[PDB]
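Visitor: experimental coordinates follow, after the sequence.
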Amino acid sequence: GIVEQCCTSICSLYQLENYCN
Amino acid sequence: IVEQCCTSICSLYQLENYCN
Amino acid sequence: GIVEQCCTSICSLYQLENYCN
Amino acid sequence: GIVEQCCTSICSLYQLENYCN
Amino acid sequence: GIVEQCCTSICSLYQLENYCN
Amino acid sequence: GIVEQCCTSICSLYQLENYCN
Amino acid sequence: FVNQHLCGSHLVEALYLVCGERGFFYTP
Amino acid sequence: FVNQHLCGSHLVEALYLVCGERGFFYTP
Amino acid sequence: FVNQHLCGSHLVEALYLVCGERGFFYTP
Amino acid sequence: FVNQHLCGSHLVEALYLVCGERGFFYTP
Amino acid sequence: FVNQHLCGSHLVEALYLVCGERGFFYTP
Amino acid sequence: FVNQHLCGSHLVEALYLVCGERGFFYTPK
Ligand SMILES: [Zn+2]
Ligand SMILES: [Zn+2]
């Protein structure tokens, strides 16, 4: 999941936007 | 949650209710 | 001790409660 | 100022981009 | 008496040294 | 870079004071 | 334990601590 | 915006900044 | 990226999230 | 409650949450 | 070094930054 | 004051505590 990617790699704030409500 | 912990006061126990 | 464990390994909240006043 | 925008009032992350180098 | 020193009223980092063990 | 130093190595609060305004 | 006022980023921090890897939902 | 590298509570905090009041779900 | 009330250390944490290595200046 | 991996300031924040206004002693 | 308003988790963090591995005692 | 090891957001927070009102510039080479 994006969450795993941010920590092991890098992620964009835009990808984290997928997790909002 | 908000009306509980932030407005009033809650315990770490109550917070488990929001765990998935 | 417990504080070292938390960082080098893992530890429980109940264990951390040993440090309260 | 930054504070006279995001703290007293409110702002978006996009606005915060104005204070980057 | 520390929260009275830094929270109610402001304090400096030097003065926080008084609470180091 | 003192900031690089703080993270790759270690630094002192006094050195951080160089970046203040 | 104890009971405190928990707001904003602070409440989510407490949530991350209590639930950890189990995940949680944050919905005002 | 730049590509971020975030773990644990830092990720939770960033989720809070991006989502805000709308809230969010943390699913590892 | 909803608008929020960001003060003190919370505001500079978001400056870091947004700017990253580009760095940023913070002057009241 | 889940087990945790806490280092530096993250642990003292954990202690603050778990102990409350009762206070605590940080003895590394 | 300046004088700031430090309460709760913020105060315990300043205490952590100033004292480091020496530890400290937080007794409200 | 003890010496510190500060990375990322942790360093910017130390900066905020050290500079306070004066403000600061975060210039990572
Ligand atoms: Zn705060
Ligand atoms: Zn960290």
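Guide: Ah, there it is. Residues are numbered from 1 along each chain as shown, chains lettered A, B, ... in the order given. Ligands and ions are numbered 1, 2, ... in the order given.

Visitor: when you work out contacts or count neighbours from here on, use the C-alpha atoms and nothing else.
Guide: Noted.

Visitor: can you get me a residue count around residue G:17?
Guide: 27 (other C-alpha atoms under 10 Å in any protein chain shown).

Visitor: tell me the secondary structure for it?
Guide: At residue G:17 the chain is in helix, as set by DSSP: H, G, I helix; E, B strand; the rest coil.

Visitor: and if you look at residue G:11?
Guide: Residue G:11 is classified as helix under three-state DSSP.

Visitor: OK, contacts around it?
Guide: B:5, B:6 (C-alpha atoms under 8 Å, 6 or more residues apart in numbering or on different chains).

Visitor: give me the distance between it and chain L.
Guide: Distance, residue G:11 to chain L, using C-alpha to the nearest C-alpha, to the nearest Å: 19 Å.

Visitor: for the nearest residue to residue G:4 once chain neighbours are set aside, give me its contacts.
Guide: Take residue G:4 and drop its neighbours on the chain: the residue closest to it by C-alpha to C-alpha, 6 or more residues apart in numbering or on different chains is residue B:9, 5.1 Å away. Each residue near residue B:9 by C-alpha under 8 Å, 6+ apart is listed here: G:3, G:4, G:5, G:6.

Visitor: farthest pair in those residues?
Guide: Distances among the contacts of residue B:9 were taken as C-alpha to C-alpha; the most separated pair is G:3 and G:6, at 9.1 Å.

Visitor: more neighbours: those two, which one.
Guide: Using other C-alpha under 10 Å as the criterion, residue G:3 and residue G:6 rank with residue G:6 on top: 21 against 18.

Visitor: the more buried one: what's it in contact with?
Guide: Contacts of residue G:6 by C-alpha under 8 Å, 6+ apart are B:5, B:6, B:7, B:9.

Visitor: wait, a strand at it?
Guide: No: counting by three-state DSSP, one finds residue G:6 to be coil, located in no strand.

Visitor: ok, it to residue I:11 distance?
Guide: As for residue G:6, its distance to residue I:11 is 18 Å (criterion: C-alpha to C-alpha, to the nearest Å).

Visitor: ok, now residue G:16?
Guide: Counting by C-alpha to C-alpha - residue G:16 and residue I:11 are separated by 21 Å.

Visitor: residue A:7 too?
Guide: 23 Å.

Visitor: do the same with residue G:11
Guide: 17 Å.

Visitor: do residue A:20 as well
Guide: As for residue A:20, its distance to residue I:11 is 20 Å (criterion: C-alpha to C-alpha).

Visitor: with residue A:12 instead?
Guide: Taking C-alpha to C-alpha, one finds residue A:12 at 20 Å from residue I:11.
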